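# Notes for the structure review
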Amino acid sequence: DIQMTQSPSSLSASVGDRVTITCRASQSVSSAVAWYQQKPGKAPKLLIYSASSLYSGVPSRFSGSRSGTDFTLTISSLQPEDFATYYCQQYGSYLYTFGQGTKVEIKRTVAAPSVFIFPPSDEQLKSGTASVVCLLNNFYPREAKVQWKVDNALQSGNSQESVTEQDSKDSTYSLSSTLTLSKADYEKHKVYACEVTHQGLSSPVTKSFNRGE
Amino acid sequence: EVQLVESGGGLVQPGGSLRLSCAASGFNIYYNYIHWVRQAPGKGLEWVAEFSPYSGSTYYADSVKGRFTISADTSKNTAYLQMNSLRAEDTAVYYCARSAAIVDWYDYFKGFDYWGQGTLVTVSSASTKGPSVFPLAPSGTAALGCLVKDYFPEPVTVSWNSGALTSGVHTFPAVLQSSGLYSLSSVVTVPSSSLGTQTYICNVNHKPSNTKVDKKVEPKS
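Residues numbered from 1 in each chain as written, not as in the entry; some residues may be left out. Chains lettered and ligands numbered in written order. Heavy atoms only, no water. Residues with missing side-chain atoms left out of burial classes, pairs and counts.

In terms of determination method and resolution, the entry is listed under X-ray crystallography at 2.70 Å.

If you check the PDB entry, chain B appears there as anti-GCGR Fab heavy chain from Homo sapiens. Anyone opening this PDB entry will find it titled "The Fab fragment of an anti-glucagon receptor (GCGR) antibody".

By the naming in the PDB entry, chain A goes by anti-GCGR Fab light chain and is assigned to Homo sapiens.

Structure follows, in structure tokens:
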């Protein structure tokens, strides 16, 4: 709703690639631009400071350059340990501001997802709510669309998605869509379907079931 | 070795207050600049405040001005961040960072050199509720899992078979339902032949509420 910071943008690259992240800084005189690297669950780490200076302990593949107003961070040879999120920082008018965030992602061939749809457990129907989940296991790219169909009617607003972090070796992703319904609305319909579309799927894959086998 | 340790975070109600402390080691925070940077779940970093005890100057981000006050105590080498009138959008992992003293007037800012591990602050009117774990029925290799639902606050650690089953597990990031409670799923991919002999029980761990749940998964009739 009220987002305080945009989500990190994505960049698909392979190991050994040369990447260059540009940071548009209208405060060029404030050439104190600093670059940071952050991995999931860890605190950010300083890489480039003062536009071009290399921080003590950072590998030599990292470099920073300034061309007028544009500040860039260049990784000469992308390594498996370099796939993370990168932030640009600008100091202006006594205010420090971080960039949007660039998540460098491992690039691989397209992989179609494996779809599984799980009816709710009878202990939950006794509680008064029904939760049908749909599993999208091991796919690439992470862009996937999940459409819930109740009695061949397209749903919207009664589900929530959750995508895992990229696998280190498979470079794959996993999605879990949870359709939450009430005990009364669940018992009023029979067929509940989970339609999945992906780049690796020439046609949408539907995994469905009937209430009560 | 310089170390920054955050503390004080946790559960707070909207409109309530919280005071974080950034205990520092390995250096004197007096001549240096202490900063607070927060990161919403799945979002980017946001600088919120900067303090310099030598000059006493306090600078805040416009999103926290008037509600957040930064300060320090040189007697214990610890900085503080008092948050008043907290809103739900203030829910984030709060890091405290150090900026070196201005030794060169040309390279006046040399980046946030060292950071802390961060402390989580959750602003919500929900109460600490224990997780309600439900089994995901498993219909060449089959997929099964557990659905933990209606727990608050984050996080929840989920293991399988007392930490013995790790190959193929997928503990998804939690989602915030409209009821203010969190709900995540943890699935796994185990051969269908070992579904009858080998028992599969997920160990659901919620430390905020001290609720251990071990739910077994079996195919329905």
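The discussion continues.
### Digging into the pattern of salt bridges
All names here are of chain B. Counted only if it meets this: Only one rule defines a salt bridge in this text: a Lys or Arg side-chain nitrogen within 4 Å of an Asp or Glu carboxyl oxygen. Secondary structure elements are taken from DSSP: a helix is a run of H or I of four residues or more, a strand is a run of E of two residues or more, and numbering for both begins at the N terminus. To sort residues, take the accessible area from a 1.4 Å probe on protein chains only and compare it with the maximum for the residue type: under 20% means buried, over 50% means exposed, and anything in between is partly exposed.
Overall, the coordinates contain nine salt bridges over all chains when judged by the stated rule. Put simply, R67 and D90 hold a salt bridge, and the shortest N to O gap is 2.8 Å. Taken together, the residues span a long stretch of sequence, with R67 in the loop between β6 (58–60) and β7 (68–73) and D90 in the loop between β8 (78–83) and β9 (92–99) at a distance of 23 residues. The exposure class of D90 is buried, given its relative accessible area of 1%. Ionic pairing is found between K149 and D150, a salt bridge with its closest N-O pair at 2.8 Å. A residue is classified by how much of its surface remains accessible, and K149, at 6% relative accessible area, is buried. Judged by its relative accessible area of 16%, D150 is buried. One network of salt bridges, with partners in common, ties together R38, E46, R67 and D90.

### Quick look at empty space enclosed by the protein
Using the following cut-off: Note on definitions: the grid is 1 Å and covers protein atoms alone; a cavity is a set of points where a 1.4 Å probe fits but cannot get out; a pocket is an open set with protein on both sides within 12 Å along at least five of seven lines; lining residues have an atom within 4 Å of a point. Grid points are joined across faces, edges and corners, and a volume is the space filled by probe spheres set on the points. When residues are sorted by character, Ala, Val, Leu, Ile, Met, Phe, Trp, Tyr, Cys and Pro go into the nonpolar class, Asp, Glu, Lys and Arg into the charged class, and all the rest, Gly among them, into the polar class.
Empty space within the largest cavity amounts to approximately 90 Å³. In terms of lining residues, the largest cavity is bounded by 14 residues, among which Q160 and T178 of chain A together with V175, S183 and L184 of chain B are the most central. Of all the secondary structure elements, the ones that give two or more residues to the lining of the largest cavity are β16 (173–182) of chain A together with β17 (182–191) of chain B. Partitioned by chemical class, the residues of the lining of the largest cavity number five nonpolar, eight polar and one charged.

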